[PDB]
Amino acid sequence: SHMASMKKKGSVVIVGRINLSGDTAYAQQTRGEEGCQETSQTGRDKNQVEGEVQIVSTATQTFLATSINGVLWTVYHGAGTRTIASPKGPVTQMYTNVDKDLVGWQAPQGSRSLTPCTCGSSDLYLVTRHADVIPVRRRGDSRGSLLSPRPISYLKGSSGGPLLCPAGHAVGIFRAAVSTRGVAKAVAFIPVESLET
């Protein structure tokens, strides 16, 4: 049967975190590939969630997700409409806006949220999936220039991650990057003003 064969997409799965709790940022893995794949099909994740910045994966892609205002946020171009695995099964998005490249699920129990920035700073810090902290000078409301131009491979797979102000508040989450000749020159982010409700 055609219809009896039709499968459902898996869930997004938290497979790690970027620990920002001390004086040193570092990535932690909390689930390997096989467990990720199994957890994606069942949607049941018994792992204890911690921190603000999660490493997340689908069957095919991996990226980041950041908790702000009690919502775990990430990019639509990573997560699409997918549910997220939780200790109680798959959890449906409570926010979806493809026009902002944004989705959100209720923050997992045990997680913490970052504080939205109110400083109006232009000195930003992008945290990557590799726990690199990359100085960015803000350009207007939703863009930023890299102070230090690195290869664009350094930024691949960090969408959903936070841009932070000097005090560690969330200014937005990383959405896109602009390069020239393969060197990253600027970034676009979803302002924290939209990361609420």
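A residue's number is simply how far along the shown sequence it sits, counting from 1.
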If you average the Cα B factors in the entry, which is higher, 65-73 or 35-43?
-> 35-43
Between 123-131 and 106-114, which has the larger average Cα B-factor in the PDB entry?
-> 106-114
At the C-alpha atoms, which of 156, 138, 150, 169 reaches the highest B-factor in this entry?
-> 150
From 18, 188, 184, 15, can you pick the one with the highest C-alpha B factor in the entry?
-> 184
Modelled-residue ranking by C-alpha temperature factor, third containing residue 87 = highest
What third of its chain's C-alpha B-factors does residue 59 belong to: lowest, middle or highest?
-> highest
Ranked by Cα temperature factor within the chain, is residue 142 in the lowest third, the middle third or the highest third?
-> middle
Going by the entry, which third of its chain does the Cα temperature factor of residue 164 land in?
-> middle
Third of the chain, ranked by Cα B-factor, where residue 30 sits = lowest
